[PDB]
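A quick write-up on the structure given underneath.
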Amino acid sequence: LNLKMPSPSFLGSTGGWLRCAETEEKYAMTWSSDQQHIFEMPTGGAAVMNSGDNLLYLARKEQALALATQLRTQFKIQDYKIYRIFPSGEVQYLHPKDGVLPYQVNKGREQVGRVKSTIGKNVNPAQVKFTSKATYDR
Amino acid sequence: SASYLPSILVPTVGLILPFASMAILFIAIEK
Amino acid sequence: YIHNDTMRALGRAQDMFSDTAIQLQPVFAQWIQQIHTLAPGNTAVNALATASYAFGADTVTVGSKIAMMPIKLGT
Amino acid sequence: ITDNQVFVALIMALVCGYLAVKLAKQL
Amino acid sequence: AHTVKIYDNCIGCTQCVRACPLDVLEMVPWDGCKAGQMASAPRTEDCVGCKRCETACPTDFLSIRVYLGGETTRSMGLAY
Amino acid sequence: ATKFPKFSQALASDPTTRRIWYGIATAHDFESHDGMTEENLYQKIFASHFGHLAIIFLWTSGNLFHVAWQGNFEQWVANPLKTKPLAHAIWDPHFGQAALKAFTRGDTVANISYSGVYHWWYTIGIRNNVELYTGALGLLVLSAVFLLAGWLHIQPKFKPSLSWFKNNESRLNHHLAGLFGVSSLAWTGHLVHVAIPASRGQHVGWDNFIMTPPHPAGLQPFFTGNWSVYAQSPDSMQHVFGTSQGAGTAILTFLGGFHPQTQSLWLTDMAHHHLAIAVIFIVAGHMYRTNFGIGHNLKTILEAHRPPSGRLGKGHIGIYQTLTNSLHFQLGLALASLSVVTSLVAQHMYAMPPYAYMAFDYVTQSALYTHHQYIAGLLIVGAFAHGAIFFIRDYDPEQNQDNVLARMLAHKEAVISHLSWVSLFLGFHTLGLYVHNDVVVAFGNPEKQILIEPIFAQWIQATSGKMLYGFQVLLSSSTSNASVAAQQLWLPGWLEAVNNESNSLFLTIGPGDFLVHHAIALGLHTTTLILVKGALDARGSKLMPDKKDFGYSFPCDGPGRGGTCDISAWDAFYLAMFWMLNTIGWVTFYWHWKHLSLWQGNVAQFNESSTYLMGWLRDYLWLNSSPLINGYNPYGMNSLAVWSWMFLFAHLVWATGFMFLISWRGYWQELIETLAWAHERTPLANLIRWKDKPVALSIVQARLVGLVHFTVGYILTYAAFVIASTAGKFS
Amino acid sequence: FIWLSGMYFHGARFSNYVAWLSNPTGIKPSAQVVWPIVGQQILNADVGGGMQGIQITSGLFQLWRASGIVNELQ
Amino acid sequence: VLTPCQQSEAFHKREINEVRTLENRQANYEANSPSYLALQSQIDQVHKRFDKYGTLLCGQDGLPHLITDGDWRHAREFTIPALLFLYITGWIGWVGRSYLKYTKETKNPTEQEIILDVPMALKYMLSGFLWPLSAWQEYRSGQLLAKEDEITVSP
Amino acid sequence: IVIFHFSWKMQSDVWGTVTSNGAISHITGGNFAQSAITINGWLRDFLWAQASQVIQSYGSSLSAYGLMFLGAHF
Ligand code: CLA
Ligand code: CLA
Ligand code: CLA
Ligand code: CLA
Ligand code: CLA
Ligand code: CLA
Ligand code: CLA
Ligand code: CLA
Ligand SMILES: CC1=C(/C=C/C(C)=C/C=C/C(C)=C\C=C\C=C(C)\C=C\C=C(C)\C=C\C2=C(C)CCCC2(C)C)C(C)(C)CCC1
Ligand SMILES: CC1=C(/C=C/C(C)=C/C=CC(/C)=C/C=C/C=C(C)/C=C/C=C(C)/C=C/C2=C(C)CCCC2(C)C)C(C)(C)CCC1
Ligand SMILES: CC1=C(C/C=C(\C)CCC[C@H](C)CCC[C@H](C)CCCC(C)C)C(=O)c2ccccc2C1=O
Ligand SMILES: [Ca+2]
Ligand SMILES: [Ca+2]
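Residue numbers (the authors' numbering), protein chains in the order written: chain F, 2 to 139; chain U, 2 to 32; chain E, 452 to 526; chain Y, 2 to 28; chain L, 2 to 81; chain P, 2 to 732; chain G, 81 to 154; chain W, 30 to 184; chain A, 601 to 674.
In structure tokens form, the structure reads like this:
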């Protein structure tokens, strides 16, 4: 979204996204600030975030999330959005995906990957042998 | 005796067979 | 080193990286040694002898034991 | 071991190889 | 394609979500603890298996278990 | 599916180079395949076994063909002591003039066979190269037959059902009667018809075996009842192997010691031995129940064994189903038994040389002993690894309640603690005594070292017949009932062989033997400790109670809970592999040094240098390494140059193993990322693009690669050392 | 400074420094004397100069000579 | 075979060899001077040591061999030192166990384990001189062995 | 490897004795020229040949070194 959004003043570096990002997934982070702070790029270096709107591209989701973590910790910036761009050009909203931080309980979220009882009740591997079932599956 | 058999087989099994097998194996794993 | 091991084991000593076989002489280091050997008379006017006898000049013996002699460099 | 004997052994080895290639392809 | 599974012993402390570096976990309403929240893993496709969540879990035995299964580009953490 | 794995969609979808590595590693793990069933698994294993038997037969046939076509068997039979056997011709384009001359054995460039196949084939009755060639042809035909059978049984019409694969009663009754019994009876027949006549100068072949009878009296005595006629006239004790001078007609004698000329067990005694063994096997092959309504049921026997007091719990109730439905428990048991048998084979072969003139060939003796012992170590370690795999994958405590196996898992902590105590006690005390002797000897006071005489072992030697210690108990005392009973049967010859003092039968032992035997004990206990701990703690532990849920081989559980590196049972096996290499290295070190001192006629060197480790490093590793490291030098080269180059190569592969055993994944991952950047950022080389994304070796893959490097280096280094030392010392 | 003081004291009390000065080439430097307790007295090599001890390869004797030390009082 | 060292020629040969080795170095020094007295004491000790070891048994190598079969004639060789070792280490183990049992009764046993309580530690160390008797009565009372301990899955 | 080169080169081309009239005899006469070019030479002429002094040091004043040679290995 808003691919024409201004980018932080960075001088290059050799740790940015490679050709693989061109033909595959490429993450982007767009955040807004009020002061031209200096932040350590996740790829190695120092950049100045333009006062107003900042948009940068990365090759991994973890890199964008780490940058967001430092923007939220080193600075009191919580309006950071992480999107994913595919070679076709369709953008995908990844972080926070709902406008609320993941560790902040919010309504409308459906529990995924839940197992009844504690792990001590998991079946033995011998009981699910030669079948498409796992121990954690009840 | 066939003193020529070793001279014809050692190079084949040491150079021909390995290269050919590696080529076919590379094609198989990649495709 | 590995190539020399393989050559010596195969009896092909003529194909080694040694003085007799293929030679790899430190020409630059040997040249610096020669320059040091000649320094006491052309670049060190007030120096009466080479800084170290390991570069050249002559050997020194003390108590029937060698103190410092030129350390020739080879392959 | 005459040369002809060695050739016979080689032919038998080739037959064994063919059988072992068929057995492996079937597996 | 690692499988992250949350068990009923979860106390809803959110430490797993806070320690996850790939936004793979989140907090959802629940009624199994006073916190009224439970950990969820709806984005396991982005998980790499670092197990930071397992280390950040306070329950006696980890209420969140990460099983290393299918390996993909995301799970291998390849920037190239 | 359509990618390299073809058996695991999880690996086929991997876009990195890890897919090929894991596919190669998990190729034989049939149970872990996606579309796998018990019936299909058993059928695939059956075909694999056929294809493996064919590979074994092809290997032996190759050995025979090479010995007959390029060896000097015909020239070795005439003078087995003057000449040396030849393995195969050497055709290397890199050999120089000096190398060719050094490796020339007189007519062609070949290798000196150190496998002892010449003595074995000469003892069984082979005397011509054409015979070896015919044997190779027969084995090739046998291999082809097994290949055809393997392909036939994998067909839908000839696929054996699961019930047939689990018919333990019949498989046991047919293996003990035919595979073990009839096979031994046939070998006895061969010895009586070919080996014995060939050794007595009468070559009997297919053309005349139906014409000439093995015994002058024929089969009449066997049918009448007086079998003594077959042991009436043994060799005159001065018979020359391969000739008829002082020959006898006895085909089934029970002499005691070895043939004086060949210093090997009498062929007649071997035939009589195999006859008794075959009879016992054929008799024991009728124990289980088949379709004839007579025999036993393994399940009934197992369930009937339960102490009334309840000390063992519910006895072996449920053991039968647990073993029958689990291939890993079966494989673990088979590997354990095969390891004990292959180590017993080495121990019995060195002390009682069965093959003629094998005693004189010191190089072959040492090579074979070390060979079988190293394979035995690998086999027992594999048996323990499969047992751990059985606990994780093929063991359900629900069906094994209060069972002996379940009870083992119940008090696993006690077993591990006691094994740890035994290993610690042995290590502390054995190393303390070795270093104490080393320190006192270093200070110039050898008389102050603690030398404990192996009284218990010496007593067992005396009970067997040894008289050097003067215990005079049992067979050592002529008045003993046991000695008097066998005085007229096998005791005279056996006592002559045990008291020879020159052969390896019941070698004289001293304090050094006591100390090294204790070291052997330390190693055996520590290896079994690591393996038993791996098998028992394979399902769970206080650190990781859900270990069974992660399989048998997984990297770890992360740095949480203080750290979980090497938590998996596979790592216990990988840690026990190092100890097995160490234990077997000590065993082979001791055998080789004791035998080197005996052969050279200077046992005092061992008796006085084995008490301290300085001697073990100076008089054994340093002293005997001179001929090995002198294979090639600036002055020239020797025939042992290959062994010296192999010794250095083994040292290099061992250090390369250290590489993966020290550096772990993470430094290499970043390094590979840097390399990836370099390759895709350099002109004229960007066109070439990797199909699989480069990635560092996995954690477990690194441990396996490093363990393989370390193992290859250990084995190759000691192989080169032993062969070169035993060769140069006595050649 | 304590380590240096120890080296100097060992040279003054348990070393053949004067003897070494008299015959630097024949006498082997040594400044350590092992106590006779468990047969370790053998470590006292015949370095010369009357005393027998462990030969020191630290160059303490040569350094002291270059510094002008001639007597153990210094 | 084993014979007393006093009747074995190898033992005397070794003694003479050691004396010769010491005398060779002793000759270089002077009668009354530093050293030379140091080697004479060593020679005397060698003589005493060999006279002491003459009672032991040794084979052809002349090295004293120790019989551990349990024969009363060789009790001093292994039986007596074995019993004395067991007594010393049983004392060590029993005093340690008692100190641990006392520390577990304090408010913060960890602090006691780090900073040992010299008074109570010495109180339990001085006692225990009859540890074989104290081991019993603790076992009979049931205060030695435990009943339930920490066990992981699959007991 | 650096200290190994210094030790071997010094003992084969620098350190040694000189007989009257100037004759020079090194500890290891010119063996480094043709033995230091192969790993086998580095293992035979340097690690094996020169180790004889540390393994045979038992029974003398250098026995301690030999002991330390073993301990270090452990
Ligand atoms: C354990 C049994 C045993 C073994 C291992 C041997 C081994 C050997 N024998 Mg001997 N033999 C035996 C029993 C045995 N024999 C008995 C019981 C007799 C008395 C009848 C003989 C009589 C005999 C004579 C007279 C001679 C030998 C010879 C030999 C040697 C060479 C054989 C050869 O020429 O190539 C043949 C290699 C083969 C593998 C033969 C094939 C045998 C298999 C079992 C037949 C299978 C056929 C087919 C595949 C069946 C498929 C059906 C399917 C449905 C299962 C060889 C070392 C010869 C020799 O060289 O002297 C030293 C010699 O002249 N044997
Ligand atoms: C495992 C058995 C075995 C082994 C280890 C060897 C090894 C060797 N052979 Mg030999 N060979 C064998 C069986 C074997 N052979 C048999 C049964 C025959 C009778 C036909 C021959 C006939 C033969 C001839 C005529 C010659 C050799 C030669 C050689 C040497 C050079 C290799 C070569 O170019 O020849 C190629 C060999 C073949 C094409 C035969 C292949 C058959 C084997 C059994 C296939 C291996 C299958 C094995 C059991 C499992 C492999 C598993 C692996 C993939 C993981 C080499 C040392 C040459 C030589 O002497 O050079 C000095 C030579 O002239 N061999
Ligand atoms: C495993 C089997 C094997 C075999 C049969 C050979 C055979 C050979 N090697 Mg080799 N080598 C091998 C493995 C092998 N090597 C491995 C695994 C390594 C890595 C450790 C090496 C490393 C190695 C090196 C470093 C060198 C050799 C060299 C040689 C040649 C030396 C012969 C000579 O002294 O005169 C010399 C004979 C010639 C110079 C004539 C050249 C003959 C060419 C190479 C063969 C014809 C090719 C043909 C034109 C192409 C196919 C036909 C085309 C019309 C389509 C020889 C032909 C030496 C060499 O000469 O390299 C060329 C050499 O430098 N090898
Ligand atoms: C008399 C009938 C008979 C016979 C002879 C065999 C024989 C065999 N069966 Mg089989 N089986 C049978 C009936 C029989 N079976 C029946 C009725 C069933 C159904 C219940 C089965 C079901 C079955 C299965 C499912 C399998 C077999 C397998 C095998 C093979 C085992 C591997 C091997 O190496 O063998 C030979 C083994 C030995 C000779 C013993 C090992 C060595 C010991 C320790 C003795 C040591 C000897 C001596 C000291 C060595 C001397 C030195 C040497 C250098 C000469 C073997 C050839 C397996 C196989 O390989 O499939 C192809 C397998 O998977 N069988
Ligand atoms: C009859 C014996 C036997 C049989 C039938 C099996 C069968 C099996 N084993 Mg087992 N094992 C055995 C003996 C046996 N094993 C022994 C003796 C050991 C100890 C060495 C082991 C230790 C072991 C472990 C630790 C594991 C298995 C596993 C397995 C299963 C999967 C194997 C696989 O997919 O990898 C295929 C094998 C390979 C790709 C070969 C690997 C490469 C080798 C080791 C390199 C060695 C060097 C090479 C020879 C080159 C040297 C060259 C140099 C000299 C120049 C399978 C059912 C695995 C399992 O259970 O899966 C969960 C498992 O983890 N085995
Ligand atoms: C003998 C054991 C051994 C060996 C051979 C190596 C070798 C290597 N290490 Mg190393 N390492 C080791 C032990 C070893 N290590 C141990 C125990 C540790 C733990 C501390 C480490 C930790 C370590 C680190 C942290 C690093 C390395 C790195 C490297 C590489 C440096 C690049 C280079 O110069 O390539 C040269 C290759 C060699 C010297 C190997 C032998 C080359 C021979 C002479 C060529 C033979 C070729 C011939 C054709 C044979 C092939 C036949 C063909 C048929 C296959 C190199 C391959 C560094 C690296 O990644 O690269 C920059 C790196 O930083 N290692
Ligand atoms: C850089 C120096 C160096 C290095 C790193 C190595 C490394 C190695 N050497 Mg080696 N060696 C060297 C220099 C070196 N060597 C030199 C200069 C020589 C003289 C030329 C030798 C001569 C040599 C020989 C003859 C042998 C080796 C072997 C080995 C390998 C042993 C494998 C192992 O894990 O150890 C295992 C360690 C031991 C078994 C202990 C070794 C020695 C002790 C004193 C034996 C004590 C035995 C005693 C009964 C055990 C119980 C005592 C305990 C209870 C207290 C290993 C790769 C051996 C081998 O082939 O691998 C098995 C081999 O036999 N080396
Ligand atoms: C109170 C002290 C104490 C006591 C009574 C015991 C008692 C016991 N230990 Mg143990 N141990 C101790 C300390 C102690 N240990 C310490 C400090 C360590 C860490 C080094 C260990 C490590 C250890 C292991 C690895 C094992 C045992 C085992 C055992 C049992 C069998 C004997 C044995 O192998 O001992 C072995 C003793 C040692 C290895 C070293 C002992 C350390 C010192 C020398 C003694 C403790 C002194 C202590 C500080 C004194 C406190 C005095 C107090 C008044 C202040 C036995 C019940 C074995 C077992 O599991 O049971 C079958 C076993 O495998 N222990
Ligand atoms: C005489 C002798 C001998 C011996 C032998 C043997 C064999 C023994 C044994 C034994 C045994 C078989 C035992 C068992 C046991 C068990 C148990 C179970 C025990 C125990 C105990 C405990 C448990 C504890 C203790 C303690 C003490 C008392 C002290 C310290 C503290 C404590 C508490 C730790 C011989 C022959 C060598 C030689 C001669 C001499
Ligand atoms: C892991 C595991 C396992 C196991 C493992 C192993 C590895 C084992 C082994 C083992 C072994 C390795 C064994 C051995 C043995 C032996 C024995 C048991 C014996 C004996 C005895 C006797 C009976 C004797 C006798 C005699 C006689 C006859 C006379 C002379 C003298 C004598 C003494 C010799 C299983 C699978 C189960 C389960 C799962 C887990
Ligand atoms: C050297 C090293 C590497 C780097 C090693 C690499 C990248 C392997 C590269 C060499 C391979 C063996 C050759 C690959 C090229 C082949 C021709 C491809 C053939 C097909 C195969 C995939 C089967 C690690 O990744 C590593 C990881 C963890 C612990 C230790 C280490 C380690 O020591
Ligand atoms: Ca014949
Ligand atoms: Ca015939």
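Ideal placement from N, C-alpha and C gives every residue a C-beta, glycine not left out.
How is residue i classed by DSSP in three states: helix, strand or coil?
i                 : result
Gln172 of chain W : coil
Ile318 of chain P : coil
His349 of chain P : helix
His3 of chain L   : coil
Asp73 of chain W  : helix
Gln656 of chain A : coil
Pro30 of chain L  : strand
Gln650 of chain A : coil
Would you mind working out which of the options sits nearest residue i, comparing C-alpha positions?
i                 : options                      : result
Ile113 of chain P : P:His387, P:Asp362, P:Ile281 : P:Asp362
What does DSSP give as the partner residues of residue i in its beta bridges?
i                 : result
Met23 of chain U  : Per DSSP, none; premise fails for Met23 of chain U.
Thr512 of chain E : E:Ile517
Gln474 of chain E : Answer is none; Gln474 of chain E lacks a bridge partner.
Taking 7 Å as the cut-off, is the beta-carbon of residue i closer than that to any non-hydrogen atom of ligand 2?
i                : result
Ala90 of chain P : yes
Please indicate yes or no: does the CB of residue i lie closer than 7 Å to some heavy atom of ligand 1?
i                 : result
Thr135 of chain P : yes
Under 7 Å: does the beta carbon of residue i sit that close to some heavy atom of ligand 9?
i                 : result
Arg126 of chain W : yes
Would the beta-carbon of residue i be found less than 7 Å away from any heavy atom of ligand 13?
i                 : result
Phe392 of chain P : no
Ligand 3 and residue i: does any heavy atom of the ligand fall closer than 7 Å to the residue's C-beta?
i                : result
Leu16 of chain U : yes
Nearer than 7 Å: is that true of the beta carbon of residue i relative to any heavy atom of ligand 6?
i                 : result
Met660 of chain P : yes
I want to check one thing, is the minimum distance from the CB of residue i to the heavy atoms of ligand 12 below 7 Å?
i                 : result
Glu75 of chain P  : no
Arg128 of chain P : yes
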